[PDB]
Every structure is written in C-alpha cells, then in structure tokens.
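Read through the structure below, which is laid out as structure tokens, and then see the notes.
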Amino acid sequence: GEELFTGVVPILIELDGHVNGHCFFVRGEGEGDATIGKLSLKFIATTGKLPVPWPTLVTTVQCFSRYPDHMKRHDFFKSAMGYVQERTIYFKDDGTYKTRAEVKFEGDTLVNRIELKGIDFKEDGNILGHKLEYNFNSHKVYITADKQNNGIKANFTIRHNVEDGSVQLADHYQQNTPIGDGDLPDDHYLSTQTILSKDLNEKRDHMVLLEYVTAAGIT
Amino acid sequence: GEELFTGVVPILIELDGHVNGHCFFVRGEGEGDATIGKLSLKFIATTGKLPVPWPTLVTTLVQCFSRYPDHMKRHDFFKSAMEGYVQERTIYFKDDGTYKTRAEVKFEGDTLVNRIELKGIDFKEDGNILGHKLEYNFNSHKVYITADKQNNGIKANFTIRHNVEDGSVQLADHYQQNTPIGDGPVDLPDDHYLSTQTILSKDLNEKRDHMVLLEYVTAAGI
Ligand SMILES: [Cu+2]
Ligand SMILES: [Cu+2]
C-alpha cells in the first residue's frame, strides 16, 4: 500500500455541495507526494461564484501526509490502498457541514469524490455573507484508533480569520473506514500548513492550494 | 406495513439534480391518502429556474400512496417495505438526453421521505428539454409492474408522453428497479399495473420557480 506513494501521484477531486438550498460543484486537479508531504491543487467552481467562502471547503487526501520512517506503522490512509471520510463541521454560532467522501485509486490518479450538505447557516452571517478572509492558519489533527469500525476518529477545530479581526471556529469531527478488507495506529497528530492563492489567468471562481503536512506524537 | 398508510400521511421530497454541468435542487412537501390514491404536493426550486422543464421531473419525484383495492392487498410491494425501498430509474428521452435516478423512500416519524439523486446526460442544446419547449402539462399513464425474485424486489416499464409546443409529443422511456432496504417479509406481486392521472398547477402567491401537484393512482390487472 505504501509503495503507491513512492513518488509523484496525480490527484482528482470532485465536490458535490448543497448548502441552504444552494447547489455548487468543484473540480480539483493537481499533484502530491507523501515522501515530502506536499500538495499542489487548483480547484475550479464550474457553476459560477460559490455561495460559501473557499476556506470552509478546504478541510473537506490526508494520505499524502508525510509519515517518518519511525511512524510508517501508523498511516491508515496508506494501508487502505481506499477509504471513506465522513465529517461533521460545527461552525460556531453558525451552520454545519455534513460530509461524505470516497478516497480510492483509479489507475495512476488518486481520486477524492465528495458530497456535502450545509444546514442552518445564517443569512448575512460569516459564511453565507463571505465575511471570511482568503487565509488559512496552521492546525493539528488529533488522530485516535477505532477498533469497533476498523478505522479512525479525529478531532480538531479550524480557525478561520474574519475581516473584522475576530476568529471563526469550525469544530471538526471525522470518521474514516476502509473500503476493502485486509492498520490502526496509536494516538498521534498531523501538523498542517496551508497557502491559498489564485491563478491570475483564470476567470472562473477558483482556488490554488499548497500544503505541507507531517505527523508527530510518537518519539 | 398496510396499517401505516391508514389515513393521511405527510410527505417530504428532495431532489439532488445535475444535468449537463448545471446544478439544481427541489424541495417537496405535502400529504397523501393511500385509501384513495390521492397526492397533493408543492415543489419548490430553491436554486431558481431549473435548467430542465418540470414535467420531466414529475416521474422521479412515492408509489406507496397508490390505491390497491381490497382484492389486491397482496400485491403492494411499496407499502410492505415500510424500513423502505430503493427506487432506481433510467429515463430515455427519445432523440434526446437521458436521466439516471436513485431514491430512498422510508418513514422518518410522521412523514414519508424520498431522498432522490439524478444525473442528466447527452441532452441537446435548443432541444425540447434544455430549450423548455414542453407545455406545462401531463397525460394519463400506466405502470406495468413485474416481480424480481433475484433482487427480492420489483421492476417496471413504461413510456411517458410529454406534450410539445409544436403539438408534437416528446417520449420518455422509463425503466425502473425497486429493492427493499431492510430484510423484508415483503411479498412480491404478479404482473399488474397502476393507472395514473396527474395535474400540474401553480401557487399564485409564490415567486420562486415551483409546481403544484395533484395525483390519483390506483392499481389494476387482477
Ligand atoms: Cu442567497
Ligand atoms: Cu448536487
């Protein structure tokens, strides 16, 4: 399973989005290696301007996260190889995201097909009002093991920067389970870093992504 | 599950829709009498004007409220699955794009829900569908139902007649498969059919793109 991430692997990402009766779709193309922990993706909104700000959709392909030589026994995301990634995103004082995504290989490209449903967001609120900065800070992904579902649970809170100077908290609860039968880890975490940019020659509503993710927690 | 449909039951309907790179969603609320075969629903396009004329969606947006007479109470697959069943369809529009449909129909307390997804493929620009050349009308149709021992469910085949502004007719071939969700004591039926009648109206005080529905469907063949 690990041997598939030895080098560059092309990425395909599709997102089915439904928030407060607004339907949108996002295509994601790019590359990424797990030896460095790098991701380079360009997301395109093929349905005009998004009804929600980009940074909220960032959180919803860990498998390209770098696991050091002494932690290679703890990468569920690679052992699967696919898995499904379910999430619930609690935006504080704001709506919520339910997310289900299948992540498997399709030949050369690694594919992440997503469906999300946004419920009870506030009009002229921080999300539906696009009062979010085009930013993203660094975060930790606290990962534990789940023997009951042969998978993994994880908890973290994302800090979205607001235009006024305050901070938005999007509490994330996620569950992952393998698709095919056939390695759960100990309590570790994934340190993440992210830059949001744009292609100056794309007229479509888009987002360029650069990520660096590594693991830690085990000496 | 006959006892559940004794009287009036509230209905909830949602349609996840994608047709030729265009996105839409539709909410449906209403009631239904299975003792009569009556349905009264009001659908709302929460996304604004659909990229597709309503009458092509009427077929895919709950065949449990159909009236099966007292001598046909052994042939209602739909009522008996209520856990619910999964209704899958493929709608071939003649000389036009097609529809692929999936839906889950189950009870969530008082109301009955169908959660539906659909994908539209290979439709023509300035066609009858994408060009909105269909009259806001509908005709009467028969639903021939057969048994599926292998998948423990049923199938159905029929062709829908959509009226065109030309005075012509746009055909839509429907193929469907139903399979129970929970392990069912549900009995399968002999070859029979449902006679359907639909009326599409508008709520005068609603500004959103919408459609009001009235349906009378009863079972026959025995
Ligand atoms: Cu709006
Ligand atoms: Cu959709």
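By order in the structure tokens, chains are A, B, ...; within a chain, residues start at 1; ligands start at 1, following the order shown.
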
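For stretch 51-107 of chain A, backbone-based DSSP labels the following residues as helix (DSSP H, G or I): residues 54, 55, 56, 62, 63, 64, 76, 77, 78 and 79 of chain A.
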
Print the selection's residues with N, CA, C and O atoms to a file, as a short mmCIF file (atom, residue, chain, number, x, y, z; two decimals), in the first residue's frame.
data_model
loop_
_atom_site.label_atom_id
_atom_site.label_comp_id
_atom_site.auth_asym_id
_atom_site.auth_seq_id
_atom_site.Cartn_x
_atom_site.Cartn_y
_atom_site.Cartn_z
N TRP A 54 -14.38 30.10 0.14
CA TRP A 54 -13.46 28.99 -0.11
C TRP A 54 -12.83 28.33 1.13
O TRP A 54 -12.81 27.10 1.21
N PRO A 55 -12.30 29.11 2.10
CA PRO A 55 -11.58 28.47 3.21
C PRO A 55 -12.38 27.43 4.00
O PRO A 55 -11.76 26.59 4.66
N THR A 56 -13.70 27.47 3.93
CA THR A 56 -14.52 26.49 4.64
C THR A 56 -14.52 25.14 3.93
O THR A 56 -14.75 24.10 4.55
N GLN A 62 -5.63 12.97 3.04
CA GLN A 62 -4.61 13.01 4.09
C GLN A 62 -3.41 12.17 3.67
O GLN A 62 -2.28 12.39 4.13
N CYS A 63 -3.67 11.20 2.81
CA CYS A 63 -2.80 10.06 2.56
C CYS A 63 -1.44 10.53 2.06
O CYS A 63 -0.46 9.80 2.12
N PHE A 64 -1.40 11.77 1.58
CA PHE A 64 -0.17 12.37 1.10
C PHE A 64 0.59 13.04 2.24
O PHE A 64 1.63 13.65 2.03
N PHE A 76 -2.99 4.89 8.43
CA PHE A 76 -4.22 4.26 7.96
C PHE A 76 -4.50 4.64 6.51
O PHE A 76 -4.86 3.80 5.68
N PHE A 77 -4.31 5.92 6.21
CA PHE A 77 -4.62 6.47 4.90
C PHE A 77 -3.90 5.76 3.75
O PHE A 77 -4.38 5.77 2.61
N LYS A 78 -2.75 5.15 4.04
CA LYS A 78 -1.98 4.45 3.02
C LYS A 78 -2.26 2.95 3.02
O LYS A 78 -2.25 2.31 1.97
N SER A 79 -2.50 2.40 4.20
CA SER A 79 -2.78 0.97 4.34
C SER A 79 -4.05 0.58 3.59
O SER A 79 -4.17 -0.53 3.08
#

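Neighbouring residues of stretch 62-71 of chain B at 6 Å or closer, counting only C-alpha atoms and skipping chain neighbours under 5 positions away, are residues 34, 35, 36, 37, 78, 79, 217, 218 and 219 of chain B.
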
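Residues with any atom within 12 Å of residue B:124, counting only C-alpha atoms and excluding same-chain neighbours fewer than 6 positions away, are residues 19, 20, 52, 93, 94, 95, 96, 97, 98, 130, 131 and 132 of chain B.
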
Please write the residues from the selection above to a file, keeping N, CA, C and O atoms, as a compact mmCIF listing (two decimals), in the first residue's frame.
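Below you can see out_19.txt, which holds the result:
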# COMPACT_ATOMS: atom_id res chain seq x y z
N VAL B 19 -27.66 18.21 -14.32
CA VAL B 19 -27.91 17.96 -15.74
C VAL B 19 -27.02 18.84 -16.62
O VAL B 19 -27.16 20.06 -16.64
N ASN B 20 -26.10 18.20 -17.34
CA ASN B 20 -25.18 18.88 -18.24
C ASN B 20 -24.44 20.05 -17.62
O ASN B 20 -24.51 21.18 -18.11
N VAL B 52 -34.21 22.61 -16.68
CA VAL B 52 -34.98 21.48 -17.17
C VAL B 52 -36.46 21.71 -16.87
O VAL B 52 -36.82 22.15 -15.78
N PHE B 93 -35.12 9.75 -22.95
CA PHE B 93 -35.91 10.67 -23.75
C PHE B 93 -35.58 10.43 -25.22
O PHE B 93 -34.42 10.45 -25.61
N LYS B 94 -36.61 10.18 -26.02
CA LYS B 94 -36.42 9.83 -27.43
C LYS B 94 -35.74 10.95 -28.20
O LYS B 94 -36.20 12.09 -28.19
N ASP B 95 -34.64 10.60 -28.87
CA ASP B 95 -33.84 11.55 -29.64
C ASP B 95 -33.42 12.75 -28.80
O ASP B 95 -33.50 13.89 -29.24
N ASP B 96 -33.10 12.45 -27.54
CA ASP B 96 -32.79 13.43 -26.50
C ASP B 96 -32.01 12.79 -25.35
O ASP B 96 -31.94 11.57 -25.25
N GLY B 97 -31.43 13.61 -24.48
CA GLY B 97 -30.66 13.13 -23.35
C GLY B 97 -31.41 12.13 -22.49
O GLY B 97 -32.58 11.87 -22.72
N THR B 98 -30.72 11.58 -21.49
CA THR B 98 -31.33 10.58 -20.61
C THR B 98 -31.21 10.96 -19.13
O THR B 98 -30.41 11.83 -18.77
N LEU B 130 -33.85 21.02 -22.82
CA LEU B 130 -32.99 22.14 -22.46
C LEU B 130 -33.49 23.47 -23.02
O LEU B 130 -33.08 24.54 -22.56
N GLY B 131 -34.37 23.41 -24.02
CA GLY B 131 -34.91 24.61 -24.63
C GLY B 131 -36.24 25.03 -24.03
O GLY B 131 -36.81 26.04 -24.44
N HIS B 132 -36.71 24.25 -23.06
CA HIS B 132 -38.00 24.49 -22.41
C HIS B 132 -39.12 24.59 -23.44
O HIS B 132 -39.87 25.57 -23.46

- Mind the document's chain letters and residue numbers, and return as a PyMOL selection string the residues of chain A that DSSP labels strand (DSSP E or B). chain A and resi 11-19+23-33+38-46+48+66+83-91+96-106+109-119+132+139-146+151-162+167-178+188-197+206-216

- Message: Taking only C-alpha atoms and all ligand atoms and a cut-off of 9 Å, can you tell me which residues surround ligand 1, written as a VMD selection string?
- Response: chain A and resid 20 to 22 51 123 128 to 129

Same residues, N, CA and C atoms, saved as a short mmCIF file (atom, residue, chain, number, x, y, z; two decimals), in the first residue's frame:
data_model
loop_
_atom_site.label_atom_id
_atom_site.label_comp_id
_atom_site.auth_asym_id
_atom_site.auth_seq_id
_atom_site.Cartn_x
_atom_site.Cartn_y
_atom_site.Cartn_z
N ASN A 20 -27.97 25.25 2.33
CA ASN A 20 -29.16 26.10 2.45
C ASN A 20 -29.90 26.26 1.13
N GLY A 21 -30.00 25.18 0.36
CA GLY A 21 -30.68 25.23 -0.91
C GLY A 21 -29.87 25.89 -2.01
N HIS A 22 -28.55 25.80 -1.89
CA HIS A 22 -27.69 26.28 -2.93
C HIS A 22 -26.84 25.12 -3.41
N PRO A 51 -21.59 30.01 -3.19
CA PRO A 51 -22.46 30.64 -2.18
C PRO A 51 -21.80 30.67 -0.80
N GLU A 123 -28.12 33.95 7.22
CA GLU A 123 -28.06 34.97 6.18
C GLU A 123 -27.37 36.21 6.75
N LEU A 128 -22.38 32.54 4.81
CA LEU A 128 -23.21 32.94 3.67
C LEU A 128 -22.97 34.37 3.21
N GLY A 129 -22.33 35.17 4.07
CA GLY A 129 -22.06 36.56 3.75
C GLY A 129 -20.67 36.80 3.20
#
